[PDB]
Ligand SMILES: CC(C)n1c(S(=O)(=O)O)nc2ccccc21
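We begin with a single chain expressed as structure tokens, specifically the form solved without the ligand.
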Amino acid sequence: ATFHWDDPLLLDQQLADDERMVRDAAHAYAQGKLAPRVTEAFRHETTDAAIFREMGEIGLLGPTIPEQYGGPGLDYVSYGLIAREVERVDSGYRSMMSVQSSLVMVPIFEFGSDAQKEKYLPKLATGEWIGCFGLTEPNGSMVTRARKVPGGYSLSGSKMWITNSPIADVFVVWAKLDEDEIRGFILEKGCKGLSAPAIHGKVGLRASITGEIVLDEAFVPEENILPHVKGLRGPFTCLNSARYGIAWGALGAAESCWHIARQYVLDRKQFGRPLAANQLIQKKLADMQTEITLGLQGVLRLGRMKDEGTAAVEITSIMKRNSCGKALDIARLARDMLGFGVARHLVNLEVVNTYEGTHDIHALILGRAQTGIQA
């Protein structure tokens, strides 16, 4: 009976062996390739699309996509472990990857035609083609609209804060159309009326490239609309999948913060003694450990529930709210101990925590589910 400060509940022992190598894969990749890049990349907001090629080579894009389509046919827990390990380096990297996996690949696999699945998935899976997701507009009821035309759609609108957009080959875009239903459309790079100007001067997620998608009478052929989804269900299946992945990821960022802070305090001294000798510092460390340890249990359990089909979408709201909130708290706690990879993790998480608005959308999904009553 031996104590592991860094893994108190021996998560290692709760993973399948299959799951444990996915994790180490993602780990070796993130540490070997992303850690040496991240500092200058964050600092200068530098576009590097190498992550796609690289991650695609080792089978980490579209983790839940079947082998039939070039995916690695893994389960949800593996998806989670992958995101955890990448965010352990940087939220911006994780972000790029959850765009490929949850925001582009998943809607094509789930909602697309045979022909669409065959054309896009395999190249997405290898990261030869990079994808982006256009739902968000400038300040789920969009004005971006598709109208029917000769064979057969024309899109006009704007989508703001689209990660990958300026380098994307493939575009999953959501617009209204009637016979008013929200629909998903597949556009490709270099297409008439489609542009994607980059955004610079970000405070957080500076290691990912972000842009808009500007659609000025952009022509989508009939064969490019997602056949098997209409309405909220489409965007929502995508966000639900991504929020799951962000819930594991945020914990990775938090672990980094905890380790850096722990190591900092071991190594530096005050009044002839390490900071670690300090009770206040020990309390803070105790809380980081605790919140992270519990969070991991929550996401592990949600992942198992997804895999066996026993998980309602509302669970994802618990884990995503919690994971981001506590990761943010932990980063701030770690920051106020130092006298700086932590500062990076901190502004990242500041963006990540408020991404889905400022009125705590998940607290409400959950309030409504407990009470029956909408806020």
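Residue indices: 1-based, along the sequence shown.
The following text describes the form solved in complex with the ligand, which does not appear among the structures shown.
- Comparing 115-123, 143-151, 88-96, 286-294 against the ligand in the entry with it bound, the single stretch with non-hydrogen atoms within 4.5 angstroms of it is 88-96.
- Interface residue remark: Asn224 is not counted as part of the site for the ligand in the entry with it bound, having no heavy atom within 4.5 Å.
- Contact check for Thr163: a non-hydrogen atom falls within 4.5 Å of the ligand in the entry with it bound.
- Not displayed here, the ligand is kept clear of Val22 by more than 4.5 Å at the level of heavy atoms in the entry with it bound.
- By the criterion of a heavy atom within 4.5 Å, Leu239 is counted among the residues contacting the ligand in the entry with it bound.
- This chain appears without its partner; in the entry with it bound, the one residue of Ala175, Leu205, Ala218, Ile130 with a heavy atom within 4.5 Å of the ligand is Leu205.
- Proximity to the ligand in the entry with it bound, defined as a heavy atom within 4.5 Å, singles out one entry of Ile246, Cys257, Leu155, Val104, which is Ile246.
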